[PDB]
Structure formats: C-alpha cells, structure tokens
RNA sequence: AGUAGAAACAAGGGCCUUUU
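Protein chains in written order, with PDB author numbering: chain C, 1 to 85, 97 to 772; chain B, 705 to 754; chain A, 2 to 469, 478 to 532, 543 to 707.
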C-alpha cells in the first residue's frame with residue numbers, strides 16, 4: 001500500500017545517487033551476500049562486561065517509537081523513566108499487563124524439537140544410582156531423534172517453499188516427490204504473524220541429526236544420547252528404562268530387511284543382476300509415520316554401514332563411508348597397504364584352489380557384537396590382536412573371523428579333510444573363494460571353530476601375563492593360552508575419518524573401491540528368511556503376490572491416471588470445457604468396462620454418470636472420486652435400486668465417498684491412491700477443492716524457448732492459464748523465464764542407460 | 705542467485721506486487737500508474753546516470 | 002563432494018559421469034571438465050528421446066559417447082552407405098530420416114559469438130543447435146521437436162541453478178572452445194623474486210623443480226649424515242636417581258609486603274541492623290554515619306608510620322563533610338590532586354620541535370627501565386592462612402541462589418553434598434572477604450561507569466546474617490576512586506582506601522599503609548588505627564574480583580573427584596565416610612605431620628583458590644607452569660619409575676627467575692621445598 | 001605518589017566524552 005509507494009520512492013532516491021546506482025546495475029544479485037559483510041562488522045572481546053557496563057546506563061534499551069505509541073502504555077506509571085518520549100523495567104510492565112496476542116499456541120509447533128525433548132523426558136522412569144568404573148567407548152553417534160532426515164539442499168528448498176513462495180526457486184524433484192511434507196509444514200505457518208527467519212532456523216535444526224564423537228556406554232539410541240549426561244559418567248550410573256521412546260530402530264531394521272530381500276532377489280539374473288536391482292529399488296517405497304517415501308531417497312539419507320545398504324548405495328551411485336565388512340563383522344583400516352598375491356590350497360589330497368592374499372603390514376580395528384579388537388596382519392600372518400570385549404563367545408567369534416580375514420593358519424595351506432569340492436564353489440554357477448567357505452565352516456559347527464583356534468599355536472601362560480591371556484573358551488586367565496593373543500579391559504575406541512570414497516560393483520555384486528579390496532558382497536548376508544512387511548509397496552511384477560484380478564484393477568486405475576496429463580482429449584482439459592460426455596467414451600473406461608459387474612452395470616453407470624455431471628457443471632468436484640467412478644460410465648444408464656456400493660466382478664466394491672481398502676485416499680496426502688495396498692502417484696497438473704494451492708500445478712508447467720511476446724502474469728494466475736499456452740514468469744530471485752503448460756518429463760535414467768548400452772556394441 | 709542485477713529484480717518484483725494488489729488488494733488504478741511511472745523514471749535515471 | 006565426480010552425480014546421472022571421465026582420461030585433459038562433457042553427453046541422450054523413423058526403426062544414431070577410433074569409422078560407414086559426402090570434422094548425432102548429421106552446442110553467454118564461429122567453421126553443411134542455459138536457441142534450420150526442446154531447457158535450467166548455487170557458473174568450469182587454458186598470471190616481478198628465493202645450490206626455480214620432481218632416496222647417505230650429526234651433538238641423558246634435584250634458591254632481601262587492596266586479618270568492622278528499604282551503598286554509609294560512632298573519629302597529626310599524612314587527614318575530613326552534605330562528590334584540591342595524580346602525567350614533547358640545544362637544556366636519555374627488586378620469603382603469610390581458616394562469628398557472608406527441586410536420586414545426592422559444603426564454607430572468614438570484594442567492587446564498577454570525572458565516595462561494606478535471626482550490614486572501611494575515564498581496555502584508575510583496625514602495624518608487613526591512631530572504640544574500650552593506603556585497579560581485576568565466586572566450583576570439583584573415585588573402587592556410596600574420616604595432611608607442628616579430615620581441608624583448598632584469584636600475575640603463572648615437572652618427577656619416584664631428564668639445572672633457573680616480590684610464589688616455593696624434603700625420607704631423586 | 005611488565009597508564013579532544 002502506501003508503504004509500497006514509500007519503497008518505490010526510496011528506490012528512486014537511491015537510484016538518483018551515482019555510486020549506489022553503479023553497484024546495483026553491475027553484476028548479479030549474489031553481490032548482496034558479499035555486501036552483507038562489508039557492513040555492520042563489529043565484535044567485542046568480553047561481551048559480558050560490556051553488557052554489565054551498558055545495563056547500568058540511564059537508558060540501556062532501544063525501542064521503536066511507533067510500537068510504543070501504538071501500545072498506548074503510560075509514559076511513567078509511577079515516576080519511572082520507561083522512555084524519554097527506554098529502560099528495561101518497561102518490559103516488565105508489558106509482561107504483567109499490556110497488549111495480549113490472540114493466541115500463543117503456535118509456539119508448540121515452532122519449537123517442536125524441544126517440546127519433543129520435554130515430552131520424551133517426562134516418560135523416563137529413573138531406577139537407581141549406582142557407582143562403578145564405567146567402560147566408555149569414544150564413537151560417533153547421533154544425538155537428536157529426527158524423522159525424515161534430509162540434506163541441506165532439500166532443507167533450503169523446504170524453507171523457501173514453506174515460507175517464501177513468491178520468491179520460490181524453480182520446482183525441484185524433491186518438492187514434487189515430497190508434497191505431503193511441504194503441505195503439512197505450509198498449513199501450520201501460513202497467514203500467521205511470525206518472524207520468518209526464526210521459523211526457518213528452527214526447521215533447519217528440526218531436520219538435522221546432531222552427530223557427535225562422544226564417549227558412550229550401553230545401548231546407542233538418540234533418545235538416550237540427548238541426555239547421556241544424566242545417565243552415567245566415568246564413575247556412576249543412573250539406571251533408567253528408555254526403550255519405548257521415539258522408536259527409530261524398527262524402521263532402520265525394516266529398511267535393511269528390504270535391502271536384503273531385493274539384493275537376494277536380484278542375484279538370480281547372472282547377466283543383468285545390476286539392472287534388475289536398480290529397477291527393483293526404484294519401483295518400491297515404504298511408509299514412514301504419515302508420509303510415504305521412495306526407497307532410493309531413504310537409502311541415500313541413511314547412515315547404516317551394512318553390506319545391504321552399502322551395495323544399494325553403490326548401485327545408485329551414492330558415496331559411502333570408508334568401512335569394510337566380513338560377514339556379520341565390522342572392520343576399519345587404520346593404516347598399512349598391500350597388493351594381491353595368489354597361493355594354492357589343496358582341498359583333499361591334490362586339488363589346487365587359488366586364493367589371493369595381501370602382502371604388507373596392515374592394522375585393522377574390528378567390531379563384533381559386544382566385542383572389539385585392534386589386530387594387525389603381515390604377509391599372510393596374523394601378527395597380533397588386542398581385544399577389549401566383554402563376552403567369551405563374541406571374543407572367540409571375533410578372533411576366528413579375524414584369523415580368517417588374514418588367511419593365517421595351516422588350514423589355508425592344507426585345507427581340512429571335511430570340506431569338499433561340492434561346497435567350495437558354484438552354488439549357483441559362481442565361484443565362492445576359500446575364505447567364505449571357511450566362514451561357513453566355522454558357523455556350521457562349534458567343533459570346527461575349536462579346531463581352527465587350536466590351529467593357532469598354544470603356549471604356557473607366563474607369569475604376570477596371566478591377566479592378559481585368552482584360553483580356548485575365552486577365559487580371562489589360564490595356565491595355557493593362545494599364542495600372541497593379548498587381552499585387556501575396556502572397549503577399543505572406534506577410529507574416525509570424514510572421508511567419502513566412490514566405489515563401483517561388479518556383475519557379481521563385488522563392490523570395488525578404486526582398488527582390489529572387496530568392501531562387501533552378497534555372500535556375507537543371512538542365508539534367507541521370510542518376513543511380512545507392513546506399509547510397503549513392491550510395485551513390480553516379479554515382486555508381487557496378488558492375483559490377476561486385483562492387479563488388473565490396479566493397472567486399469569493406473570491407466571486412467573495416465574490420461575491426467577496435459578493436452579486436449581484429456582480429463583482436465585475436458586473438465587475445463589465442461590464436456591463430461593466425452594469422459595464416458597475414453598479408451599481406458601472401455602478397457603476397464605469388462606471388469607464391472609455386468610448384472611447391475613447400467614445402474615452403477617447411471618449414478619456415477621449423474622455424479623460427474625453435478626461435479627463437473629457446478630465447479631466443485633473431487634478429482635479422486637471422479638477417477639474412482641469413471642470406470643462405470645461406459646455402459647448405457649438403466650433403472651434400478653442403488654444400495655450404495657459399486658461392485659466389480661471380483662467381489663470387491665467401492666462406496667462413493669468413504670475410503671476402503673480397495674480404493675483409499677486422504678486430504679492430508681492428496682497425491683496418493685491406495686489400491687489394495689498399492690501406492691499410485693497422481694500427477695500434479697490441476698488443483699482440487701481440498702488440494703488447491705500453488706503446488707498442485709507445478710508438474711504441468713515446464714520451461715521453453717524465450718518469447719517476449721507472451722504476457723507476464725502472477726503466480727496465482729497460473730491457475731487460469733490455458734493448456735499449451737506460453738507465459739513469462741519471475742522465478743526465484745533475478746530470474747525471468749518462460750513456461751509452457753505441457754507436461755514433458757520423460758525418464759532421463761532409462762534413455763541415458765539405453766544409449767550407453769548401445770555405445771558398447 | 706541469478707543473472708539479473710539488483711535494480712532489475714527490484715523493478716520486476718515491485719511491478720508484480722503492484723499489479724497483484726491492484727487486481728484484488730486495496731490499490732487504485734491511479735496509485736498503480738503513479739508507482740509504475742515512478743519506477744520507470746527511476747530505471748531511466750539509473751541507466752542514464754552511469 | 003570433495004571431488005568433481007560427486008558434484009556431477011548431484012544432478013547428472015553417474016553413468017554419464019563415468020563416460021566423461023573415461024573420455025577425459027583418454028584425451029588426457031584436466032578432470033575439471035568432467036561436468037561440461039557430461040552435460041553435453043546427457044543432452045544428446047535425452048535429446049534422442051528414443052525416437053523412431055517411418056520404418057519402426059531408430060531414427061537418431063549417437064557417435065559422441067563412442068571412443069575416437071570408432072567414431073570416425075561409424076561416421077565414414079554412414080557417409081558411405083547412404084552415399085553422403087565425408088565431412089572434415091566430427092559430429093554428435095546422425096539423423097537417419099533426413100540422412101544428415103547434427104552437432105550440438107551449449108553456450109553460457111546469451112550472445113551469438115559461439116554459434117557464429119561454429120557456423121563459419123561448418124558453414125551450412127549440417128544442422129547445428131546452439132542452446133543456452135537462460136532460454137535461447139540459435140540454429141541454421143528448422144527447430145527440433147517441442148518435447149525435445151522442453152526437456153533440454155528444463156535440464157539446463159536445473160543445471161544452471163545447481164551451478165550458480167556452488168559458484169561454478171563461470172568460464173573456468175564452462176569455457177568456450179578457445180578459452181580453454183586457465184593459468185596463473187605469471188608476472189615479471191613475481192618471477193624475478195621467485196628466482197631469488199631458490200636455495201644456494203640452485204639458481205633458478207627450474208633447477209630446483211627438476212631436482213625435486215626426480216628426487217630418489219639414498220638411505221646410505223641419509224643414515225651416514227644422521228650418524229655424523231648424532232656424534233657431534235652428545236645429547237646428555239640424566240636419570241634423576243643419580244642426578245638429584247638441588248633445592249630451589251630463593252631471593253634475598255626484605256620481607257614481601259602486603260599487597261591485597263582490603264585488609265583481611267586486621268580489619269575491624271561495624272555492624273548495623275539491615276534495612277531493606279535503604280539498601281544502596283550511599284544509603285548504608287549515611288545510616289552508619291548517623292549513629293555518631295563514625296563522626297567521633299579524629300585522627301592525630303602524627304602517623305605511626307608512612308608518608309603523606311596531611312593529605313590523608315584532609316581527605317578524611319573532606320569525606321566526612323561530603324557525607325554530612327549527603328553528596329558524595331569531592332572537590333579537586335591540592336591533596337586530592339596529589340593523591341590522585343590528576344596532573345602528574347608527563348607532557349608529550351614533539352620531535353620536530355627538538356634540537357641539540359633543547360636536549361642540553363633538559364636531560365634527554367632513553368628511559369632506564371626499573372625492573373622489580375627481589376624480596377625474601379614472608380613470615381606472616383601462615384598467620385593469615387590460619388586466621389582465614391576460622392569462623393567469623395557470622396554466616397551467609399557471600400550471597401547464593403536457591404536450590405532447585407529434585408526428581409531422581411542423583412539430584413538428591415548432588416543437593417545434599419552441595420548443601421553440606423555450602424554450610425561448611427559460609428561461616429569462615431575467607432568468605433567474608435569474598436563478600437566484601439563482590440559488593441565493594443560491584444559498587445565501584447557501577448560508579449566508575451556513571452560518574453567518571455567526579456571523585457566519588459564508595460564504602461567498603463558487606464552483608465551477613467547472625468547465626469542460629479536477623480540480617481546485618483558491616484562496614485569494614487571507606488574507599489574513593491579518582492577519575493576512571495576508561496577510554497580503552499585495561500585502563501588505569503587510582504583509588505584510595507581507608508580501613509580500620511585494632512592492631513599495631515608491623516613495619517615489614519604494612520609498608521604500604523600509613524596508619525593513624527584514631528581515639529577509641531567499644532566492643543570495653545580499645546584503641547583504634549586508621550590504615551590509609553593508595554592502591555590502583557583496572558576493569559579486568561574488577562570483573563574477576565566481582566566473579567571470585569568461581570572458587571566454589573573448583574573446590575567442589577576436587578572434593579567430588581576424590582569422593583566418587585574412592586566410592587567406585589568399592590562399588591558403594593562412600594562419601595560421608597570419606598568426608599568425615601579420610602585424613603589429609605595439612606601441615607607440620609612440632610616436627611610432626613598434622614592431618615585433618617577432608618571436611619576441614621576444604622577451607623585450605625578454598626583459601627588456595629582465593630589467593631590464586633587475588634595475587635595472580637605473570638610470575639605466579641610462570642611458576643605454576645614450571646613446577647609441574649617436579650610433581651611428575653615426584654610421582655615417578657613414588658612408583659619406582661626410573662624417570663630422567665636432559666637439563667634440570669636450567670629448569671630450576673627458569674623457576675627462580677620468576678620469583679620476585681610476590682608473596683604467594685615465594686611461600687609456595689618454600690612449601691614445595693619442605694615437601695620434597697619430607698618425601699626424601701620415603702623417596703629418592705632429591706638433594707638436601 | 002601509585003600500578004605492572006618484559007610496555008604502558010598516570011584522561012582525550014576542541015565547553016563536551018548509584019540497589020547481588
């Protein structure tokens with residue numbers, strides 16, 4: 001308003017100047033950031049003293065005049081200098108009595124993190140303080156329970172698209188994919204009196220899991236690490252049960268299970284395991300709380316250092332940590348080097364089998380359940396191993412898997428009699444190296460493990476070293492103990508390195524990392540297991556258990572949703588032209604008509620043929636209901652009694668209005684259709700009464716060749732633009748572009764892959 | 705970030721805001737024309753000056 | 002994101018990244034271009050959009066991603082089969098339907114320079130499409146399919162946003178064909194210098210670079226040189242057991258004199274019932290003056306000792322007149338001027354106005370820096386310590402907050418320990434001095450801030466509580490502060506301190522003060548003594564004295580570091596037993612080692628921390644930094660660890676260098692010597 | 001006078017720069 005005129009006059013005054021005009025004219029807008037530093041640069045060494053100094057002053061505070069005048073609060077209620085025409100005391104007067112905000116219940120959403128902290132803390136049953144020398148391990152962890160953890164780029168787009176839409180940047184992939192989260196955030200913080208910067212900063216903190224390198228004891232869960240300071244120190248422990256707070260392990264566990272399942276499925280195709288794996292990953296999703304997320308993004312966000320996730324991250328191309336693996340064991344190379352060197356091993360009598368072994372000094376941290384180690388190898392020999400675990404069995408298993416890692420012992424020279432050529436290799440036509448065979452051998456029976464440990468030389472426990480010794484049963488001390496097996500108390504501190512290594516994978520799912528090393532494989536996973544996954548979507552033929560009927564209905568609904576794109580002879584355009592009659596002869600309804608229960612098909616068509624008209628003509632319609640009931644409008648109307656439900660030929664119905672398993676939706680997430688527990692994405696080409704907003708149209712538009720003839724419109728006027736009509740539009744900051752309302756988003760990955768495959772012929 | 709200068713961004717955004725508030729908000733065609741004329745004068749002055 | 006490949010995978014598909022990487026490796030060019038080529042390759046593949054010809058067969062055939070060797074082979078094969086003319090240069094795609102090649106290009110600048118150059122090079126032979134990131138197309142023929150255009154322009158828009166975000170939308174990463182050689186702008190002068198910094202053997206950076214890039218290892222020569230350096234050194238190694246630590250030598254001279262601003266042991270105080278309404282400094286001073294005991298004081302002309310008596314007597318009378326007037330502002334007279342040095346600041350002389358004659362008229366020579374002088378061990382410090390380890394007949398001298406609620410056992414334990422320690426520590430005399438410092442310096446801080454340029458009057462007071478009861482305001486003495494115009498950090502502003510006493514002044518100890526016997530006071544009647552000092556302070560000393568409450572934290576930390584450790588070795592709550600029983604040696608008497616529970620050695624610890632706050636200087640810093648070696652040697656001796664060193668004599672010299680005119684340093688050194696002596700009876704590595 | 005350190009203050013500009 002008049003303020004606008006003032007802003008324009010100010011701009012005019014500035015441009016009348018010469019220097020400001022020069023700096024504004026030249027360069028791009030980024031210069032602002034730079035200038036933001038050349039100004040207001042001043043700090044102070046001891047701020048505390050300065051504050052005490054200033055507070056004493058006659059009038060320390062600063063307050064805007066217009067706010068004080070608007071408040072109409074007494075100048076000096078009792079001979080107190082609230083302001084010349097301000098003291099700190101003034102704030103007290105305001106707080107005790109003064110202008111009251113209509114409601115302050117929005118603060119609970121702004122600071123959802125801290126209220127969550129308080130809510131979690133109120134449910135902790137404190138048991139009993141005890142005293143003892145706690146064993147603490149210094150390891151990286153996360154100290155904030157967070158849902159839907161994202162990167163800084165996504166967070167930045169979330170803030171811009173939830174607060175400043177008029178200055179929103181061009182629609183990203185994430186915003187289109189995750190529209191339920193953006194809608195949920197937008198609703199709470201729209202048309203509200205708020206300091207926007209504060210809210211943005213708090214959403215940044217909301218979506219950032221604070222990872223720190225700390226001493227730790229006991230379980231590792233963000234719910235505890237946020238208050239670890241009040242659970243135990245080096246000398247005391249305040250017992251407390253924190254199991255049932257913000258369960259974050261069940262979703263990580265489910266993600267790992269799903270990755271295991273897909274990786275085990277996609278090993279069947281010898282020639283095309285990799286491509287099948289990628290296709291399997293892309294055509295799958297899972298529900299997190301309220302929202303449904305694509306598996307690929309979840310895998311990219313996660314930090315689970317496990318062979319399943321490692322392989323999937325490699326396949327998609329995600330970079331991952333410098334973390335090796337060997338079965339259900341963990342490793343981390345502290346130092347050293349080496350180079351492959353082949354050696355033969357006779358399985359039975361004379362049966363040469365080649366195996367490669369590194370040749371150099373090499374230190375290695377290791378981590379098995381409730382045990383840790385710091386071993387070293389040298390030219391096909393286990394030089395030493397220092398353990399700091401706390402369980403006899405975990406200690407033994409760790410030592411054995413470490414020995415195997417380094418191919419030490421006579422068995423590698425002269426294989427045990429028991430192992431045969433049938434199990435050595437080619438379970439499914441793929442060779443299995445010796446080391447994994449020995450691993451399976453040890454897992455198979457304890458006696459083999461005992462034989463392996465016996466293979467390492469045994470000596471007599473010298474005096475003094477009794478405490479630093481390990482028998483065959485993992486005894487703390489004995490009279491005879493394993494050669495060069497030191498033992499100590501206290502978990503070995505986990506190393507740390509903020510490095511990111513690119514690593515590929517072979518046709519046999521062998522993840523190389525810019526060198527020979529095999530970071531992970533499919534032969535270091537549980538054999539197999541059956542699981543019933545909840546709230547997941549395996550939209551792929553091979554990964555499906557349903558019959559042809561519900562699959563056919565779901566396919567028909569997908570086909571109907573495939574005509575929701577832009578262009579004439581389509582549902583949205585026809586609705587704009589109010590030509591409901593054409594909808595009744597669309598190809599997809601003709602394809603879907605056979606399914607419709609023929610006995611009362613006509614009656615169903617009449618009711619739905621009526622509903623669409625009422626929705627279409629009036630201008631108030633439910634897109635979801637329209638898609639739901641278009642299949643019945645193929646046949647000629649008839650006469651009959653309508654019970655209330657529109658059946659198919661498979662004893663599955665849909666009631667017009669109330670969600671059911673066969674067809675569900677929600678006003679919260681209006682971009683999903685749940686057909687028999689299958690998530691069907693609807694494109695965002697046209698808004699509906701509930702979903703109506705700036706976002707529901709973004710997919711339809713796209714950029715095109717610049718044309719200065721087309722008009723310049725507002726963001727809201729986008730709703731009014733014709734299909735296949737060009738228009739210029741300000742986007743983000745300092746960008747004027749041209750948009751054409753035709754959906755053109757073909758698959759980029761598929762085409763690029765195909766061309767690359769062709770390049771190899 | 706962009707390719708426009710500061711002046712150009714202010715010019716276009718201000719014009720868009722004025723159009724949005726004349727369309728629906730409490731602004732009169734006279735006020736909209738006055739502001740737009742002021743903006744045109746400011747742009748001309750900025751470019752001509754240096 | 003530390004390498005370019007990751008940045009390209011952010012938007013580009015990783016496959017195209019690998020392709021462009023292999024291509025760069027084959028050509029041998031910088032890898033900085035992995036992005037540009039990748040973008041071009043992606044544009045072509047997406048451009049193709051699996052389009053088909055009339056024959057239901059593929060329409061576009063790529064030639065770009067293929068290796069150079071097979072590129073010209075496919076090009077010639079196609080130019081021949083369809084009976085086309087061979088082109089001199091290479092292209093990117095071969096449209097079969099129109100039987101002609103199509104090159105593609107991408108120029109950041111919105112100008113036709115690149116298109117013009119490319120068209121000139123290729124003329125009109127084939128179809129060229131010069132896209133632009135900001136929506137511009139330059140061609141020489143009909144435009145492509147609309148879908149193809151909208152996919153190219155969307156991809157380019159996203160890519161330009163993701164570059165502009167990272168500050169990589171420049172010629173460096175997106176150059177044209179010509180501007181492909183980025184290099185540091187080697188200047189004539191920079192080279193002229195670099196060629197002069199090359200070590201003596203070499204004479205040009207080229208020789209040094211050629212010698213370093215090909216440097217090979219010759220361990221024989223390196224080891225020989227190492228041994229020759231290991232022989233011409235003869236590094237001494239000294240196991241302490243054989244070479245013992247001689248006792249520290251302390252300086253010699255007169256006893257170290259009292260330096261703290263406010264008297265502790267001697268100071269005599271006046272009490273008055275607390276008035277909440279009148280809680281201000283001046284209000285308390287006036288109320289104390291009104292009873293009339295203060296107005297009785299009438300110092301004698303002759304002081305017991307000290308100098309400048311007349312000035313002090315005049316200032317005392319002026320202060321009394323000020324209070325009588327209820328205006329605590331002193332006028333600037335000769336006595337105040339002299340004590341405050343208002344005008345005793347040397348006046349700067351310009352150098353341009355100087356001449357040998359001026360030098361002759363008044364002596365002119367570089368300031369003969371008067372380093373401090375050495376003072377011998379103080380024999381009075383022990384008395385102050387013992388006095389400070391006694392109760393003050395009052396409690397709650399230092400203020401405190403209110404303890405918060407509790408929910409878990411741990412909090413109850415913390416609150417019980419804190420309550421016990423605070424109760425023990427609130428009755429002593431050291432805490433009375435803590436309160437006196439906190440309040441007096443707070444008042445003086447809030448005066449120097451408000452009324453600089455006016456020699457205000459501030460009292461030396463405190464607040465306390467009678468044991469179990479009412480509260481009490483105590484008045485140890487009076488202060489004043491000369492102009493505190495603290496324009497800069499770490500300023501300087503003289504103050505003046507009058508304080509009462511009932512004790513005769515020592516000559517060696519109370520050298521600073523200038524006492525005046527002042528009548529009598531009841532308790543029976545007793546003489547009085549008016550101790551008139553003239554000290555100085557700064558901002559930093561003020562803030563730290565006003566935050567002296569820190570000592571409680573350190574003392575509690577030590578006590579609970581001992582109690583939790585003793586409790587863990589037994590896995591049971593052993594704190595009260597440790598506090599009551601555990602005996603801590605705290606001195607010697609009659610040649611024996613005295614010991615008392617921890618509950619009574621908290622007082623010693625607290626006094627130690629307070630004195631660290633008070634007498635802190637560079638000397639104490641250096642000392643406490645150089646004594647650690649000796650304590651580590653002691654521990655090594657206790658555990659029979661054959662410690663050793665290279666030159667202990669130098670260490671002792673360094674230590675004795677930082678012992679000058681600071682009582683605390685000297686006292687602690689004498690105690691350290693007595694410690695090593697007493698331990699020599701049960702340990703080694705120390706000489707007598 | 002005093003402070004403290006390995007040099008600086010002991011106001012500077014032309015009349016200005018009270019609640020533990």
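We put the beta carbon where it would ideally sit given N, CA and C, even for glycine.
Which listed residue (the options) has its alpha carbon closest to that of residue i
{"i": "residue 298(C)", "options": "535(C), 192(C) and 379(C)", "result": "192(C)"}
{"i": "residue 713(A)", "options": "249(A), 88(A) and 62(A)", "result": "Residue 713(A) lies beyond the range of chain A shown here (2 to 707); nothing can be said about it."}
{"i": "residue 525(A)", "options": "531(A), 334(A), 645(A) and 513(A)", "result": "513(A)"}
{"i": "residue 406(A)", "options": "400(A), 397(A) and 416(A)", "result": "416(A)"}
{"i": "residue 395(A)", "options": "379(A), 426(A) and 414(A)", "result": "426(A)"}
{"i": "residue 299(A)", "options": "291(A), 286(A), 315(A) and 288(A)", "result": "315(A)"}
{"i": "residue 478(A)", "options": "274(A), 374(A) and 631(A)", "result": "274(A)"}
Amino acids of chain C, ordered along the chain, whose beta-carbon sits closer than 9 Å to that of residue i
{"i": "residue 142(A)", "result": "By Cβ distance, chain C contributes nothing, its closest Cβ being about 15 Å from residue 142(A), past 9 Å."}
Proximal chain A residues relative to residue i, where beta-carbon distance stays under 7 Å
{"i": "residue 707(B)", "result": "135"}
{"i": "residue 764(C)", "result": "16"}
Contacts that residue i makes with chain C (C-beta to C-beta distance below 8 Å)
{"i": "residue 23(A)", "result": "Those within 8 Å of residue 23(A) in chain C number zero; the least Cβ separation is about 11 Å."}
{"i": "residue 447(A)", "result": "56"}
Contacts that residue i makes with chain A (C-beta to C-beta distance below 8 Å)
{"i": "residue 757(C)", "result": "47, 50, 148 and 152"}
Chain-ordered chain C contacts of residue i [CB-CB under 7 Å]
{"i": "residue 753(B)", "result": "18 and 21"}
For residue i: DSSP bridge partner residues
{"i": "residue 381(A)", "result": "Per DSSP, none; premise fails for residue 381(A)."}
{"i": "residue 386(C)", "result": "375(C) and 396(C)"}
{"i": "residue 367(C)", "result": "353(C)"}
{"i": "residue 32(C)", "result": "Residue 32(C) pairs with nothing; no bridge assigned."}
{"i": "residue 148(C)", "result": "227(C)"}
{"i": "residue 606(A)", "result": "613(A)"}
Contacts that residue i makes with chain B (C-beta to C-beta distance below 8 Å)
{"i": "residue 725(C)", "result": "720, 723, 724 and 727"}
Check: residue i C-beta below 7 Å from any heavy atom of the ligand NAD
{"i": "residue 471(C)", "result": "Although the ligand NAD was asked about, the structure shown includes no ligands whatsoever."}
Which residues, taken in chain order from the segment 11–22 of chain C, show a beta carbon closer than 7 Å to some beta carbon of chain B?
11, 12, 15, 16, 18, 21 and 22
Three CB pairs or more closer than 8 Å across the segment 528–537 of chain C and the segment 370–379 of chain C
Flag = no, the segment 528–537 of chain C and the segment 370–379 of chain C do not touch.
Does the segment 471–486 of chain C come within contact of the segment 377–389 of chain C, defined as at least 3 CB pairs closer than 8 Å?
no
Tell me which residues of the segment 553–572 of chain A have at least one Cβ-Cβ distance to chain C shorter than 8 Å, keeping chain order.
558 and 562
Assess, as a yes-or-no matter, whether the segment 735–754 of chain C is touched by the segment 728–748 of chain B under the definition of 3 or more beta carbon pairs within less than 8 Å.
no
Name, going along the chain, the residues of the segment 42–54 of chain C whose beta-carbon falls closer than 8 Å to a beta-carbon of chain A.
45, 46, 48, 49, 52 and 53
At a CB distance below 8 Å, what residues from the segment 154–166 of chain A approach chain B? Give them in sequence order.
162, 165 and 166
Any 3 or more C-beta pairs closer than 8 Å across the segment 108–125 of chain A and the segment 138–152 of chain A
yes
Would the segment 678–692 of chain C and the segment 613–630 of chain C be scored as touching if the rule is three or more Cβ pairs under 8 Å?
no
Give me the subset of the segment 737–754 of chain C whose CB atoms are less than 8 Å from a CB atom of chain B, sorted by chain position.
741, 743, 744, 745, 746 and 747
Residues of the segment 52–71 of chain A with a CB closer than 7 Å to any CB of chain C: list them in chain order, please.
Of all residues in the segment 52–71 of chain A, 63, 66 and 67 have a Cβ within less than 7 Å of some Cβ in chain C.
Residues within the segment 163–181 of chain C neighbouring chain A, beta-carbon criterion of under 7 Å:
180 and 181
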